[PDB]
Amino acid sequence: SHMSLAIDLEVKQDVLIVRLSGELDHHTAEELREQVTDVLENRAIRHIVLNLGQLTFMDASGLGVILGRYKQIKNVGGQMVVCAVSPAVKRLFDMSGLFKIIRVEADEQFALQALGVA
């Protein structure tokens, strides 16, 4: 068995670390969005790290849910940084300047440095 996409959510004092594993498509997207906004309400997060290291697949629907969380966190004086981007995912980001708006960092420790938490 399996969940087409695994969603590991970790909360470090005002910082939300989201590690994805598996495939990220329309179906799987709705789930992620649901789980994230759920934490952003039960807690007051101001910084988000999205680890796409273990992400096997992603389509336009991925770009969407990602660009969504961006807006969501931004509208609260918060910042989001994406790290561990596979060439495949990156190749999608490069399809339109609009996505150069999302900060991409190599590993996770640099994602946090980019947020000003380490």
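Quick note: we count residues from 1 along the sequence shown, nothing fancier.
Between 91-99 and 9-17, the higher mean Cα B-factor belongs to 9-17. Mean C-alpha B-factor is higher over 69-77 than over the other stretch, the pair under comparison being 69-77 and 54-62.
Ranked by Cα temperature factor within the chain, residue 39 sits in the highest third according to the deposited record.
Ranked against the other modelled residues of its chain, the C-alpha B-factor of residue 45 as given in the entry falls in the highest third.
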